[PDB]
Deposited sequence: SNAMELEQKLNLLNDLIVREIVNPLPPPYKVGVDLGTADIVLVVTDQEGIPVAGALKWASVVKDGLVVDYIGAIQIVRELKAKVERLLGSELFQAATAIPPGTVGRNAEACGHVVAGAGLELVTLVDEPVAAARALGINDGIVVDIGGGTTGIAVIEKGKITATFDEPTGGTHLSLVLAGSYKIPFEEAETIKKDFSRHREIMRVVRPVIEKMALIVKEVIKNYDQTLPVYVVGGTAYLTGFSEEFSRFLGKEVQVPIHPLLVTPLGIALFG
């Protein structure tokens, strides 16, 4: 599974970034991931191999309230079309995440509103999990605006949480530290050249993050493996820095940002 997941994520990263498709024969599965910092649309064959994907940077969830619901539909619409020109065909339906911390099924309604018959809603925990293909473990989706702890065992979301921290505080904590406009700082944070030198300054937030999880795991089985996914974990060494403050080493996959999105698509 580790090898599989890694290869699929590297693929999906290219399908997205170099805007090309994987010419697998239909039927396809589509997934839309609604989010604090980005919207992602993902297509796969019936075995979950990536076929297509697109991503827009977009704050249409602020605190879980779809605060730009129309903006959402515009984005999903523009994504659906990009993927559609790039792919042979057109798409009819998708699964979605109703992100936790949120009357937020306007989710489905963005998907329906972009012209996709809703296949189902998913919990990000459920998705995240399936993508890792991990039955028993702990998942720490560290999104842009909230993190979202969760506990699966036997093959069930046996406990779940979430707490208003993520990539943005980092970028902000950097913005503040460096004394730089927030966009200016986000452009930096994201550049891979600078992780080395942006690290020390942004470490404090990671400490905080880890100890918050430590706490929530201070009631749950320690046998449990620990998987840190989500775009915030794109910081090189994030794995290490976090693996310390928490207490146990963590697994962060090759393209952290993509894990949930790929997972949702697995439902459609």
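S.K.: Numbering the deposited sequence from 1, which residue ranges have no coordinates here?
M.R.: In the chain as deposited, 1, 104-106 carry no coordinates.
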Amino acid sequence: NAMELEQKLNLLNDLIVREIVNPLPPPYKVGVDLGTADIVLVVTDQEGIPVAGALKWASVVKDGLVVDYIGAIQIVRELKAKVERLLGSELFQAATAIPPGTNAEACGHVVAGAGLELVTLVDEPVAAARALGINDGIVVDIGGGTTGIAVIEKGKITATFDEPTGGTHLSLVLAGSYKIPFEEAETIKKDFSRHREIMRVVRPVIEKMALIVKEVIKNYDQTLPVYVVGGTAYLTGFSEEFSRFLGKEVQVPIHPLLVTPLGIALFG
From here on, numbers count along this sequence of modelled residues.
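S.K.: Which has higher Cα B-factors on average according to the PDB entry: 42-50 or 204-212?
M.R.: According to the PDB entry, the answer is 204-212.
S.K.: Test of understanding: from the entry's C-alpha B-factors, which stretch has the higher mean, 114-122 or 151-159?
M.R.: Averaged over C-alpha atoms, the B-factors run higher in 151-159.
S.K.: Ranked by Cα temperature factor within the chain, is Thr36 in the lowest third, the middle third or the highest third?
M.R.: As the PDB entry reports it, the C-alpha B-factor of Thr36 lands in the lowest third of its chain.
S.K.: Pull the Cα B-factor of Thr96 out of the PDB entry and bin it into the chain's lowest, middle or highest third.
M.R.: Its C-alpha B-factor, which the entry lists for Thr96, ranks in the highest third among residues of this chain.
S.K.: Check where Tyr220 lands among this chain's C-alpha B-factors and tell me if it's the lowest, middle or highest third.
M.R.: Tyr220: CA B-factor falls in the highest third of its chain.
S.K.: Comparing against every modelled residue in the chain, figure out the third that the C-alpha B-factor of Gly268 lands in (lowest, middle or highest).
M.R.: CA B-factor rank for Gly268: highest third.
S.K.: Sorting the chain's modelled residues by C-alpha B-factor, tell me whether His109 ends up in the lowest, middle or highest third.
M.R.: Middle third.
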